[PDB]
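Chemist: Protein chains in written order, with the working numbering: chain A, 1 to 295; chain B, 1 to 295; chain C, 1 to 295; chain D, 1 to 295. After the structure tokens below, expect a handful of questions from me.
Protein chains: 4
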Amino acid sequence: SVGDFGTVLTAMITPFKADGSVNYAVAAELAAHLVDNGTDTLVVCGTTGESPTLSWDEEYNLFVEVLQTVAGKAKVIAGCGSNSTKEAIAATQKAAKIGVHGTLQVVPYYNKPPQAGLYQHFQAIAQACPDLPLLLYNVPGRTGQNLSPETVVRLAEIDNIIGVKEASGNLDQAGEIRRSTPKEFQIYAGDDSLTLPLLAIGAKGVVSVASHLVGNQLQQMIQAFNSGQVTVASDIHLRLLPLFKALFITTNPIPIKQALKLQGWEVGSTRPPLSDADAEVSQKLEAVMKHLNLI
Amino acid sequence: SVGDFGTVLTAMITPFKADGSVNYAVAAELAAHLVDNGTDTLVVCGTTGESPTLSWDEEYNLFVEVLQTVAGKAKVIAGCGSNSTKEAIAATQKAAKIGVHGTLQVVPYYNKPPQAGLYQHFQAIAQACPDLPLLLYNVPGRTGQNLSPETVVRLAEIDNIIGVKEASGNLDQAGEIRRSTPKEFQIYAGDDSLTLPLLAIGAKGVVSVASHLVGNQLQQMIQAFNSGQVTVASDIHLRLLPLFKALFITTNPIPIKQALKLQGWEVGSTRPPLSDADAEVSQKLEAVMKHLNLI
Amino acid sequence: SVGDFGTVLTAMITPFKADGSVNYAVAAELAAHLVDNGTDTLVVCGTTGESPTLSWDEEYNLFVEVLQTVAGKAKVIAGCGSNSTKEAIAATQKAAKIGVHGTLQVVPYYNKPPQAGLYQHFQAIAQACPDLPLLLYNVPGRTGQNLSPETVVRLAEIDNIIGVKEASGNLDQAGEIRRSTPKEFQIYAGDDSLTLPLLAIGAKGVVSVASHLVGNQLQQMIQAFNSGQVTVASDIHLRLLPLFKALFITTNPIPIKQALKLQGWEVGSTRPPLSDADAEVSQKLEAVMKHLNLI
Amino acid sequence: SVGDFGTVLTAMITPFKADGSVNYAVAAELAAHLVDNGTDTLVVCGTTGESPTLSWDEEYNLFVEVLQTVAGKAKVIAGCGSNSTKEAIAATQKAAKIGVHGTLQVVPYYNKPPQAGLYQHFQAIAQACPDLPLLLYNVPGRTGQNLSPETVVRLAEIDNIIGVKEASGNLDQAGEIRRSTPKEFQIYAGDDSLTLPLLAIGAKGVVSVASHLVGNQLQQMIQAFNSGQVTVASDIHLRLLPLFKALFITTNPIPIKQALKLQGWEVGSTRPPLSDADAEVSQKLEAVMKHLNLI
Ligand SMILES: [Mn+2]
Ligand SMILES: [Mn+2]
Ligand SMILES: [Mn+2]
Ligand SMILES: [Mn+2]
Ligand SMILES: [Mn+2]
Ligand SMILES: [Mn+2]
Ligand SMILES: [Mn+2]
Ligand SMILES: [Mn+2]
Ligand SMILES: [Mn+2]
Ligand SMILES: [Mn+2]
Ligand SMILES: [Mn+2]
Ligand SMILES: [Mn+2]
Ligand SMILES: [Mn+2]
Ligand SMILES: [Mn+2]
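What follows is the structure, encoded as structure tokens:
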């Protein structure tokens, strides 16, 4: 129950004002909107939330703003991971005290720890707040290192490590994890275009970007699937597929911020070193969004 | 009706006697076994049947023997592809007179034709026998070239091109094809571990290796899925996954031929330049099969 | 001495008439031109020679045409390899009798033999004509399988296996081969842009495509290097680099045939399934060639 | 003069005491050793120096200690990069007051900025300390993003950007940069196994790990090459290759720290989340070093 975050977890964007500061009021308005339109749980200051370029102070305040906003309607997972174990632990402890319902812990990027060091890293974070759920996040494309299924299988023996956001794109790996972990341990898709395929082999849901725009449709797809209406589910997947691709034509969260802007949200641009969507990206998104009546 | 091959297509091995010659008696006997145990359609002399090392006369003879062995009970698709278009055409013409129900046409290997060349290749084969169904076969890991979804989409406009055996591992690509092709055009998994995830996005089934051993459980998984018993399907998938992986621990069809031998089938070795399963491999296989009660 | 093929080995193109037949007279005129402009040895019916789409009869006749043309000025290596061991042996034997000075033996494409089977394949071909030099050809991008350094090191123990055309793009691998093979065993670059870097770690030269156009400059680069004029060599490399890339903007030998056509050679187009250079490719080549005063 | 760092830049390890704290005494002693044995310039707190897990105060302290230790004898380049541009700028400003001779600026890891974002990132760092040389560092395997040669070429137009540490393994990319940048802009190998091949196409030298152990032999190889003793250079390269590979058998700097320990240096372990060299690894190292007479 403490580990149940639903099926649609949205990695929320971080809106910025024109001066580049965090726009707390927009973040609140976005959080409430999401939670009323398909998001079960908000993942705050993930990758999509531009974590690398935020200060800790801005992260802390975002977690507080969202918790206040979505009190008793949605859970809140805090992006607290790092390629330094000590920094992750520090962040996790601070987030624990303000009331987050879990943390998202990325595999250490850039330094490429071996599996033994990855095991210790996640173990140490788990043990620093043994009652706080911990969601592993494997994204080799960004970190330069994959978390092996054997390592995940071992970490799932720690009671508060309650799942993995699997964004490797490798279904073999996801199935190896699923078949050797308990049911309290959940797999989430980390790519919107893989949600349906991963559901088919036992995943719980998705940590989504697209849910900012079509969260009610993702719910419908997942509920359709779980109730055995497999062709309704596939129809929705195939209909959304062009949007899912458009949302990664350049590095997330550049496209999603442009999409939201096209619907009138004042989310600002991304923060350096991320750069603004070029005209191409914007036009491709527009056409796809128009085709889906999102604008 | 004509492009309907069912859901389990088995890429049958080619058994050899101790002297290396084709064992037509075991071929027949294996074909009859398969078709009584889960296989809807037999794909003869594909990659799994060691097409590259067979003579054209051996392939012709196999087509005749299998077709006659299973006529009335199942269809036969003949592997007739090549990286020479003239050769593929000539093989396809001859298959058609034998009376087979379709051909499997690999993307040209080794020479890496551009998409325009691949389009013209397939079109010319389709046009040489305009009433014989033609199944595309995309396996970039072996050919060194990927068939693009735009190209597949254009090809599906040709009446007798009725599907693709998709062995790229790329589920976005498959989805792209599925959403832009008509329902007469079917997608088949080219990898047994991808059958369930591809089914979830609209694939028809699998061109399988594992069905030599667990055809009935594959039928059960696919039938469970289509009727909405999604957890029954994922249980089967997860239970079989170690077998699926073990069948690719070295290059197919080395493992599957060793798995068959463990069960008592006299299939012989593979032919040079494929070498025999070393002892580690056979031990891995034996353990997984024992655990599944296959020996 | 029997194994010395020089430093520039040119994988000659195969010119076709308008009706698509082999243009023997152009092949002769091209062979003589090459041998007078930097080519030490002609590699006939390689990949660049469109081997996969030629008949054996056309190959045999090309080997004869070239041998007659370049008698006592250049050696001739015959492309005789296959993914069937028996077919390679047959081809090698036939080529041996008409006087070729060696064979180029590609790693079996598409069927992905394990290393043990690759060892036996090349061993068997070597032993079928034990006095005929044999050049291994590793091109994983096209074959789907890499020949391991350990396997190459073992094959170099067979007296007539006198080197490898290394087109994997992996310099570690090339250095591992160099350091554990005798000096009678030579490494050749299989990519024109890697010739200089591979020379630096002990390669002999290149099996070149670009030599059709700048063979005298490649000689100058290699002679410059071997005489210790390293900056002359690097200058030539850097000056040719754009041509080297242009020659692979689409699949070789499509660009090189267009380049030759732009210089007035009547080489025809490629044979299906290879398709003609599109306008883009042609314009890019033109600009690069003009910039180098090749037209 | 100002961008001239010589040819061997050593990415020095950061030694730790048994309690995990930085060992400044060993740092000094190692710095002095290196600079007497082949190292022209020391790169401090790069990837090899475990930058990710050090505090900013530890890095500041290292910069001061090494600079003072080797002042008059060698230059010091400070690792100051980040995937936040504001952080890189602040670290760069502070390095400049310490009196270091340049900064090493990694491409932003994890967040995958588009090229326009990478251009703006680097430009802003360069502009924050316009008189401090800035060395680009491209290592896509760790960052998940490649710095394109067009982008590098534009950046080399900025006065103080004086080179790139190229660890992509892509020799075409390096050549593209070399031919389109002025001679004040230098290319350094980011991989010890690529030093010789990159030198052959116009690189200046290497930012090295192996120089901790064979700095003088690296100097000999590079000096041999530039004076045209090309076979002396390739002999050294080939002799060292097993060492180069062994230093990357698990993630750098795990092996190199174990190699140093085998020689008697008290460098400690790596810091979490990097784990200790298992026994197989240390045995591999020991054998190669024994064979090279390094222990
Ligand atoms: Mn942050
Ligand atoms: Mn943070
Ligand atoms: Mn909405
Ligand atoms: Mn049936
Ligand atoms: Mn055949
Ligand atoms: Mn055939
Ligand atoms: Mn019969
Ligand atoms: Mn041929
Ligand atoms: Mn042939
Ligand atoms: Mn010429
Ligand atoms: Mn010096
Ligand atoms: Mn630090
Ligand atoms: Mn730092
Ligand atoms: Mn001191």
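Even for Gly, the Cβ is constructed at its ideal location relative to N, Cα and C.
Please state the DSSP three-state secondary structure of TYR188/C.
Modeler: Looking at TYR188/C - three-state DSSP - the assignment turns out to be strand.
Chemist: Under 8 Å Cβ-Cβ, which residues of chain A neighbour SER193/B?
Modeler: Those within 8 Å of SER193/B in chain A are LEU171, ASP172 and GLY175.
Chemist: Tell me which residues pass a beta-carbon proximity test against ligand 14: closer than 6 Å to any heavy atom, given in chain order.
Modeler: The answer, residue by residue, is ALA28/D, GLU65/D, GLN68/D and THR69/D.
Chemist: By how many angstroms is the C-alpha of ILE236/C removed from the C-alpha of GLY215/C?
Modeler: So the two alpha carbons sit approximately 12 Å from each other.
Chemist: Given that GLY117/A touches chain D, what residues does it touch there, using C-beta distances under 7 Å?
Modeler: Near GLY117/A (Cβ distances below 7 Å), the residues of chain D are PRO272, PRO273, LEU274 and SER275.
Chemist: What ranges does the beta strand (DSSP E) occupy inside the stretch 208-295 of chain A, keeping only unbroken runs of at least 3 residues that lie completely in it?
Modeler: DSSP runs (the beta strand (DSSP E)) wholly in the stretch 208-295 of chain A: none.
Chemist: Please name the residues in the stretch 73-106 of chain C whose beta-carbon is closer than 7 Å to at least one beta-carbon of chain B, in chain order.
Modeler: Residues passing the 7 Å Cβ filter: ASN83, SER84 and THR85.
Chemist: So which of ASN138/B, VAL139/B and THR143/B has the shortest CA-CA distance to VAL139/C?
Modeler: For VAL139/C, the nearest C-alpha among the options comes from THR143/B.
Chemist: Check the Cβ of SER234/C against every Cβ in chain D and list those closer than 7 Å, keeping chain order.
Modeler: Within 7 Å Cβ-Cβ: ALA200, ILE201 and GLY202.
Chemist: Check each residue's C-beta against every heavy atom of ligand 13 and list, in chain order, those closer than 7 Å.
Modeler: Those residues are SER51/D, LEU54/D, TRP56/D, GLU59/D, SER82/D and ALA91/D, given in chain order.
Chemist: Count the CB pairs spanning the stretch 104-119 of chain D and the stretch 277-291 of chain C that are closer than 8 Å, and state whether there are at least three.
Modeler: Contact between the stretch 104-119 of chain D and the stretch 277-291 of chain C is absent, because fewer than three Cβ pairs lie under 8 Å.
Chemist: Helix or strand or just coil, what does DSSP make of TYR109/A?
Modeler: It is coil, neither helix nor strand.
Chemist: Have a look at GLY202/A and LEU171/A and give me their C-alpha separation to the nearest angstrom.
Modeler: Computed Cα separation, rounded: 11 Å.
Chemist: Counting along the chain, where does the beta strand (DSSP E) carrying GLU65/B start and finish?
Modeler: Segment 56-70 is the alpha helix (DSSP H) holding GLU65/B; no beta strand (DSSP E) there.
Chemist: Please report the residue range of the alpha helix (DSSP H) in which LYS94/B lies.
Modeler: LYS94/B -> alpha helix (DSSP H) spans 85-98.
Chemist: Can you find at least 3 beta carbon pairs, one from the stretch 247-256 of chain B and one from the stretch 223-234 of chain B, that sit closer than 8 Å?
Modeler: They do not touch, by the three-pair rule.
Chemist: Could you give the first and the last residue of the continuous alpha helix (DSSP H) run that contains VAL76/A?
Modeler: Taken as a continuous stretch (DSSP letters only), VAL76/A belongs to no alpha helix (DSSP H), being part of the beta strand (DSSP E) at 75-79.
Chemist: Just to check my reading of the structure: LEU42/C and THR85/C have Cβ atoms closer than 8 Å, yes? What is that Cβ distance to the nearest angstrom?
Modeler: Between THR85/C and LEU42/C the Cβ distance is about 25 Å, and since that is not below 8 Å, they are no contact.
Chemist: Please give me, in chain order, every unbroken run of the beta strand (DSSP E) with length at least 3 that falls completely inside the stretch 141-168 of chain D.
Modeler: For the stretch 141-168 of chain D, whole beta strand (DSSP E) runs of length 3 or above, ordered along the chain, are 161-166.
Chemist: Expressed to the nearest angstrom, what Euclidean distance is found between the alpha-carbon atoms of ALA27/C and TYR24/B?
Modeler: One C-alpha to the other measures close to 45 Å.
Chemist: Going by Cα to Cα distance, which pick from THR69/B, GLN145/B, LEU260/B and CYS45/B is closest to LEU274/C?
Modeler: Looking at the Cα atoms, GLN145/B is the closest of the given residues.
Chemist: Using CA atoms only, rank isn't needed, just tell me which of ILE161/D, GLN173/D, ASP131/D and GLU58/D is closest to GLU150/D.
Modeler: Among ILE161/D, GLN173/D, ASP131/D and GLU58/D, the Cα nearest to that of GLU150/D belongs to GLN173/D.
Chemist: Where does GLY175/B sit, in a helix, a strand or coil, going by DSSP?
Modeler: Helix, per DSSP.
Chemist: Is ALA210/C buried or exposed, if buried means 16 or more other CB atoms sit within 10 Å of its CB?
Modeler: By the neighbour-count rule (16 or more Cβ atoms within 10 Å), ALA210/C is buried.
Chemist: Under the criterion of a Cβ to heavy atom distance below 8 Å, does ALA32/D qualify as lining ligand 11?
Modeler: No, the beta carbon of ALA32/D sits no closer than 8 Å to any heavy atom of ligand 11.
Chemist: Go ahead and pull the three-state DSSP assignment for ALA18/B.
Modeler: Residue state, collapsed to three classes: coil.
Chemist: For chain A, is any of its Cβ atoms less than 9 Å away from the one on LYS245/B?
Modeler: For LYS245/B, the answer is yes, since a Cβ of chain A falls inside 9 Å of its Cβ.
Chemist: Whose C-beta lies closer than 8 Å to the C-beta of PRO255/D among residues of the same chain, with five residues either side of it excluded?
Modeler: For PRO255/D, where only same-chain residues beyond five positions count, the Cβ hits under 8 Å are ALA246, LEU247, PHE248, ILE249, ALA277, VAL281 and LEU285.
Chemist: Using the beta-carbon of each residue, which ones in chain A are nearer than 7 Å to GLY228/B?
Modeler: Per Cβ cutoff of 7 Å: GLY228, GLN229 and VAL230.
Chemist: Return the residue from the list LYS112/D, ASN111/D, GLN186/D and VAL64/D that minimises the CA-CA distance to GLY205/D.
Modeler: For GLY205/D, the nearest C-alpha among the options comes from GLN186/D.
Chemist: Roughly how many whole angstroms lie between the Cα atoms of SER1/B and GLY102/B?
Modeler: The straight-line gap from Cα to Cα measures roughly 13 Å.
Chemist: Provide the residue(s) that pair with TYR137/B in DSSP beta bridges, ordered along the chain.
Modeler: Note: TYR137/B sits in a beta bridge opposite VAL106/B and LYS165/B.
Chemist: Where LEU132/D and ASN293/C are concerned, what is the direct C-alpha to C-alpha distance, given to the nearest angstrom?
Modeler: The alpha-carbon atoms of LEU132/D and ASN293/C are separated by roughly 42 Å.
Chemist: Check the Cβ-Cβ distances between residue 302/A and every residue of chain D, and say whether any is below 9 Å.
Modeler: Outside the displayed span of chain A (1 to 295) sits residue 302/A, for which this structure offers no information.
Chemist: Could you tell me whether any non-hydrogen atom of ligand 10 is closer than 8 Å to the CB of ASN216/D?
Modeler: For ligand 10, not one heavy atom lies less than 8 Å from the Cβ of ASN216/D.
Chemist: Taking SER168/D as the reference, which of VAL106/D, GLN123/D, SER51/D and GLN219/D has the closest Cα?
Modeler: It is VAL106/D whose Cα lies nearest to the Cα of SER168/D.
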